[PDB]
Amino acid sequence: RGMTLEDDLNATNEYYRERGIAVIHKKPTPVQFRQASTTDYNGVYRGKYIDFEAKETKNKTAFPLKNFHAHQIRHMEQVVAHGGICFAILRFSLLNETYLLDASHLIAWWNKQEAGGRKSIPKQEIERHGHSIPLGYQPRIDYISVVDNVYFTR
């Protein structure tokens, strides 16, 4: 059960809410299936606005940018400009490795792609600029532990 990144995040976000750690939800799918103009997850943690998109790939050496679209990137650009904590949770399924990558890096790669660059982010770039997320029983994907250390004054 619960194999996909989406399933793991559902279990994780429910845990964070029920245990009083953070209030983050996956936005309902736009019906009136239309394509969303924002990222799928957002909420509040320590008074700050948290916003992220989560994608996974079977690729073992690079993360395909086709997993994202222009509107999501534009939205992330706006969130960053307004002081929100924005990132992508990227999983390499076949390696059981999940990373948190700040939106600034995803935005840059998306733009480079648009400028004629490669259409996938090399995994080494994600390891370099991103943060490995601890996996466990509960929460399954402890991305808040990473958010704490990266975006707040410990």
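Counting begins at 1, following the sequence as shown.
Asks: For the step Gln32 to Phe33, what size class fits the number of deposited residues with no coordinates, none, 1 to 3, 4 to 9, or 10 or more?
Replies: 10 or more residues are missing.
Asks: Would you tell me which stretch averages the higher CA B-factor in the PDB entry, 101-109 or 60-68?
Replies: Result: 60-68.
Asks: In the PDB record, does 33-41 or 51-59 carry the higher mean Cα temperature factor?
Replies: Of 51-59 and 33-41, the stretch with the higher C-alpha B-factor average is 33-41.
Asks: By the CA temperature factor listed in this entry, which of these ranks top: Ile121, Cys86, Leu90, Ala115?
Replies: Comparing C-alpha B-factors across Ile121, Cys86, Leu90, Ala115, the maximum falls on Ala115.
Asks: Of the three thirds of its chain by CA temperature factor, lowest, middle or highest, which one includes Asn10?
Replies: Middle third of the chain for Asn10's C-alpha B-factor.
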